[PDB]
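Trainee: Questions regarding the structure given below will be posed in turn.
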Amino acid sequence: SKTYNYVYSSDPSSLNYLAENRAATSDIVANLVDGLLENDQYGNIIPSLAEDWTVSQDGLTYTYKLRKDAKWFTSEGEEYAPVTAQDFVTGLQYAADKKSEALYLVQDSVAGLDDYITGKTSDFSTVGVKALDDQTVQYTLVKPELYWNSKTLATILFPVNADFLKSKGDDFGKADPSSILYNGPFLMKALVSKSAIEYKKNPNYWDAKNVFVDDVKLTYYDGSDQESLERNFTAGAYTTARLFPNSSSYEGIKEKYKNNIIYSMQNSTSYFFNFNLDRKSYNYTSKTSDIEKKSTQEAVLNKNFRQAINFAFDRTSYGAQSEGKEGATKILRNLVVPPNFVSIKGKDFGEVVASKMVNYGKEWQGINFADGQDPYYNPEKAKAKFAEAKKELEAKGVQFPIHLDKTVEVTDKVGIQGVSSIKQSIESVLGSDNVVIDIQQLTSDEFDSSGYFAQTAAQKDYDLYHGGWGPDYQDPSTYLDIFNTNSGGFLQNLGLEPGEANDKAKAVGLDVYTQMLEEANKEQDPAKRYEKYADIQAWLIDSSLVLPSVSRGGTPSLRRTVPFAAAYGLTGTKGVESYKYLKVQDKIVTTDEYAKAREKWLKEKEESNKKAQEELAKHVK
C-alpha cells in the first residue's frame with residue numbers, strides 16, 4: 032500500500048459543505064464529495080460527476096449529464112444509492128433553507144433563488160435548478176456568467192441525497208464521518224479533534240483509477256514543535272516537510288539536504304490584515320478604560336490612521352519570521368486579487384490597478400503591486416500620514432497612544448514571532464507614544480471563538496485580524512465582493528454584519544464600495560469588467576481597510592511526492608486540496624528534478640489551456 036503522511040492544523044467546525052464557507056470544512060470535503068466538474072493537473076475545468084454539459088446560446092441555461100456509474104457510499108464504503116440529478120436540487124434547496132454562509136455564490140445568480148431565500152416566494156419549484164431526469168440537471172441563471180462552470184467547484188453546488196439528509200436531520204454534516212455520504216475519491220476513516228484526519232481510498236469511486244495513494248494520514252500540528260516536520264520526514268514517517276530557516280536546526284538541515292530544498296510557487300490565496308470597525312467583545316485586551324476603547328474605535332475609522340499603519344508595516348520583516356532573511360519576500364502579496372489573476376488586453380490585473388492608483392493621491396505615486404516585494408513600507412510616509420490622523424483624531428478627544436489588540440495562539444511559535452515583528456515595526460516607525468500593538472496570546476479555544484470560528488461580528492475580540500480569502504470562482508468579484516455591506520463573506524471579520532450598512536460602514540465608505548461593486552458586476556465584456564474591478568481594488572488599497580500581507584506558497588519543503596502529479600486549480604476546491612491524482616515515491620526529490628518538472632508543467636499548462644479553450648465551444652447548445 033502507498034500512503035501519504037503529513038500534518039494538519041485546523042479542525043473543522045463541521046462537515047456541512049452546503050452550509051459552511053470556511054476552508055477548514057471544504058479542504059476536507061474536497062476529498063469526500065464530488066460536484067459536477069473538477070480540475071486536472073493544469074487548472075483546466077474537466078468532467079467530474081458530469082460527463083457532459085451544454086450552455087444555451089443566450090448563456091442562461093446550463094444542462095449537465097451525470098455519469099451513470101457514480102454512487103453515494105457510507106463512511107464504511109457500503110453503497111447507499113446512485114448519484115442522481117435530484118441530489119443537486121436537494122443540495123441547493125438545503126443550502127438556501129439553512130442560510131448557507133456561501134449563499135453569495137448562487138443567490139444572485141440562479142433564477143428565483145433570491146426570492147425563495149428572502150421569502151418573496153415559498154415554493155422551490157420556481158428556483159432555477161431542475162432534475163429533468165435522473166441523469167440531467169439543469170440550472171437557469173438570471174444573467175450570463177462566463178465563470179459559472181468554475182462555481183461548480185465550490186461545495187455549495189455539490190449534491191446531497193435527500194433521503195439521507197432527511198434521515199439525519201440536525202445530525203447531517205456534523206464533525207463525524209457518519210454525518211455525510213461519500214461520492215468522491217476517499218472515505219473518511221478517522222476525524223479526531225486535535226489528533227488526526229485520515230482518508231482511505233474508496234475502491235468503488237467512479238474515478239478510482241486516478242487515486243494513487245491508498246491512505247492519507249494527517250497528524251495534528253499545533254505550531255509548538257516546528258522541527259518535528261523535518262524530523263519525522265527524515266525518520267521516514269512524513270511524506271513531505273515544510274522547512275523553517277530560522278530554526279537552530281536549519282544549518283544542519285540545509286547541509287544534509289543541500290540538493291533537495293524545493294520552493295513552491297505563490298498561489299491565489301491572499302492574506303491581509305484588517306481592522307475591527309465596530310468592536311463589541313473585550314475579553315482579550317490590554318485596554319483598561321472606556322476612553323482607551325473609544326479612542327481605538329475612532330482611530331480605526333480614520334483613513335489617515337489606517338494608511339499610517341499600512342505604511343509602517345514592514346512586510347519583509349514579517350515574512351522573515353517564517354521564511355528567514357533570504358526567503359523573507361518570497362511570500363509577499365500586495366493585493367487581494369493576485370496581480371496575475373486575470374489579464375486585460377494582455378496587461379496583468381495588478382498593473383491595471385497600479386495605473387488606477389494615480390487618481391487616489393500622492394501617497395501612492397509609483398506603487399508596484401508585483402508579488403514578492405514590499406511596496407508599502409515607508410517610514411517617512413507613515414509618519415506624515417499619522418501626523419494628519421492625529422490632528423483629526425485629537426479634535427474628537429481621542430487619547431494617544433492608540434492600543435490595537437492582535438491575537439495569536441499560545442502554541443504557535445512562528446505565529447508569535449510574526450505578530451511580534453508587526454508590533455516592533457509599527458511601534459518603531461510611529462512611536463509607542465502614538466500606537467501600541469498589544470499581543471494577546473490565547474488558548475486554541477479562545478483563539479478560535481474570538482476569531483475564525485466566531486459566529487457573529489459581536490464575538491470578534493481583537494482590533495486587528497489576519498485572515499485570507501481563497502477564490503471560489505474565476506472572476507475578480509470572488510475577492511472584492513467579500514467586503515460588500517449586503518452579503519460580504521468577510522464582513523463579520525471587520526466587525527460588521529451583512530445587511531445593516533450601519534454608521535461605521537458609512538464612515539469608512541463601504542457603502543460607496545458596495546455600489547461600485549454593483550456597477551462593475553453589470554459589465555459583461557471581460558476587458559471592461561476587469562478594468563472596473565481594478566478601480567475597485569485600487570479604491571480598497573487606498574482605503575487601507577485591508578493591509579495586504581502574504582499568500583500561500585513561496586515556502587521551502589522536502590518532498591517524496593511526485594512533482595506536478597496532483598490537480599491544480601486557480602479557484603475552487605478541487606486542486607491542491609484534493610489528494611486525488613497525487614503520487615508518492617521512494618526518492619527524495621532533488622531541486623534540479625523539481626525545476627525540470629516545473630518547466631515542463633509550465634509549458635504544458637499553456638498548451639493544455641489552449642486546447643481547453645477550443646473544447647469549450649463544442650458545448651454551446
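All residue numbers for the sequence shown refer to the deposited numbering, where the first residue is 32 and numbers rise by one.
Cβ coordinates follow ideal geometry from the N, Cα and C atoms, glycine included.
Hey, is the region 534-552 in contact with the region 268-279, meaning 3+ C-beta pairs nearer than 8 angstroms?
Mentor: Judged by Cβ distances under 8 angstroms, the region 534-552 makes no contact with the region 268-279, as fewer than three pairs qualify.
Trainee: Sort out for me which residues DSSP pairs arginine 590 with in a bridge.
Mentor: According to DSSP, which records beta bridges pairwise, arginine 590 is partnered with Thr271.
Trainee: Mark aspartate 128 as exposed unless 16 or more other C-beta atoms lie within 10 angstroms of its C-beta, in which case mark it buried.
Mentor: By the neighbour-count rule (16 or more Cβ atoms within 10 Å), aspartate 128 is not buried but exposed.
Trainee: With distance defined between alpha-carbon atoms, name the residue in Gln338, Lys99, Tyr93, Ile187 nearest to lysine 174.
Mentor: When each option's Cα is compared against that of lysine 174, the closest is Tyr93.
Trainee: What are the uninterrupted segments assigned as alpha helix (DSSP H) that are 4 or more residues long and contained completely in the region 542-602, given in chain order?
Mentor: If we require 4 residues or more, the alpha helix (DSSP H) runs fully inside the region 542-602 come out as 557-574.
Trainee: Identify whether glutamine 472 lies in helix, strand or coil by the three-state DSSP scheme.
Mentor: If DSSP states are grouped into helix, strand and coil, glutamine 472 belongs with the strands.
Trainee: At a Cβ threshold of 9 angstroms, is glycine 254 touching chain C?
Mentor: In the structure shown, chain C cannot be found, because there is only a single protein chain.
Trainee: Do the CB positions of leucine 222 and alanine 206 come within less than 9 angstroms of each other?
Mentor: Yes, the pair counts as a contact, with Cβ atoms nearer than the cut-off.
Trainee: Applying the 10 Å Cβ sphere with the 16-neighbour rule, what's the burial state of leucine 80?
Mentor: Classification for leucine 80: buried.
Trainee: Could you spell out where the alpha helix (DSSP H) holding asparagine 409 opens and where it closes?
Mentor: Note, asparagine 409: premise wrong, no alpha helix (DSSP H); not H, not E.
Trainee: Pick out whichever of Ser475, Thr509, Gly381, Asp464 has its Cα sitting closest to the Cα of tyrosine 252.
Mentor: If we check each option's Cα against that of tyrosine 252, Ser475 comes out closest.
Trainee: Could you name the residues of the same chain whose beta carbon sits closer than 6 angstroms to that of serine 575, not counting the 5 residues immediately before and after it, in chain order?
Mentor: Same-chain partners within the cutoff: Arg337, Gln338, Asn341.
Trainee: Using beta-carbon positions only, say whether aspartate 492 and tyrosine 313 come within less than 9 angstroms of one another.
Mentor: Going by C-beta atoms, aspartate 492 is nearer than 9 angstroms to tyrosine 313.
Trainee: Between which two residues does the beta strand (DSSP E) holding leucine 495 run?
Mentor: Here the beta strand (DSSP E) through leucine 495 covers 495-500.
Trainee: With a 10 Å radius around its C-beta and 16 neighbouring C-beta atoms as the bar for buried, classify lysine 444 as buried or exposed.
Mentor: That one is buried.
Trainee: Take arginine 560 and list the residues in its own chain whose beta-carbon comes closer than 7 angstroms to its own, dropping the five residues that flank it on each side.
Mentor: Within the same chain, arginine 560 has close Cβ partners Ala551, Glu554.
Trainee: So, using beta-carbon positions, are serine 609 and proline 216 closer together than 9 angstroms?
Mentor: Yes. Within cutoff.
Trainee: Rounded C-beta distance between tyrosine 496 and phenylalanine 304? I'm assuming under 8 angstroms.
Mentor: Yes, they are in contact, since the Cβ atoms of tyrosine 496 and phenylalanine 304 sit about 7 angstroms apart, within 8 angstroms.
Trainee: Starting from residue 653, trace the beta strand (DSSP E) in both directions and tell me its first and last residue.
Mentor: No information on residue 653 is available, as it lies outside the stretch 32 to 652 that the chain covers here.
Trainee: Suppose only complete runs of 3+ residues qualify. What are the beta strand (DSSP E) ranges in the region 382-407, listed by chain order?
Mentor: Fully enclosed beta strand (DSSP E) runs of 3 or longer: not present.
Trainee: What residue does the alpha helix (DSSP H) around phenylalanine 195 start on, and which one ends it?
Mentor: Run containing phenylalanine 195: 193-199, per the alpha helix (DSSP H) assignment.
Trainee: How many Å lie between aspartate 139 and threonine 509 at the Cα?
Mentor: For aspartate 139 and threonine 509, the distance between alpha carbons rounds to 13 angstroms.
Trainee: From what residue to what residue does the beta strand (DSSP E) around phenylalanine 304 run?
Mentor: Counting along the chain, the beta strand (DSSP E) containing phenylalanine 304 begins and ends at 301-306.
Trainee: For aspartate 617, count the other beta carbons within 10 Å of its own beta carbon; 16 or more makes it buried, fewer makes it exposed. Which is it?
Mentor: It is exposed - the Cβ of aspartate 617 has fewer than 16 other Cβ atoms within 10 Å.
Trainee: Which residue from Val581, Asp165, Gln166, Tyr170 puts its Cα closest to that of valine 158?
Mentor: The option with the nearest alpha carbon to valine 158 is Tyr170.
Trainee: Indicate whether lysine 287 and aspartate 246 have their beta-carbon atoms separated by less than 9 angstroms.
Mentor: No, they are not a contact pair.
Trainee: Indicate the three-state DSSP secondary structure (helix, strand or coil) for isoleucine 211 in the structure shown.
Mentor: Three-state DSSP puts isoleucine 211 in coil, outside helix and strand.
Trainee: Which of the three DSSP states is assigned to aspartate 164 in this structure?
Mentor: Strand, per DSSP.
Trainee: Around the C-beta of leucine 184, are 16 or more other C-beta atoms found within 10 angstroms, so that it is buried, or is it exposed?
Mentor: Counting Cβ neighbours within 10 Å, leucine 184 comes out buried, since at least 16 surround it.
Trainee: What are the boundary residues of the beta strand (DSSP E) that includes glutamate 69?
Mentor: It spans 68-70 - the beta strand (DSSP E) in which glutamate 69 sits, taken as one unbroken run.
Trainee: Which residues share a DSSP beta bridge with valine 141?
Mentor: The partner list for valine 141 (beta bridge, DSSP) reads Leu172.
Trainee: Whole alpha helix (DSSP H) runs in the region 321-389 with 4 or more residues, listed along the chain?
Mentor: Correct list: 321-331, 334-343, 346-358, 380-387.
Trainee: State the beta-bridge partners of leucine 249 as determined by DSSP.
Mentor: Partner(s): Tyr37, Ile228.
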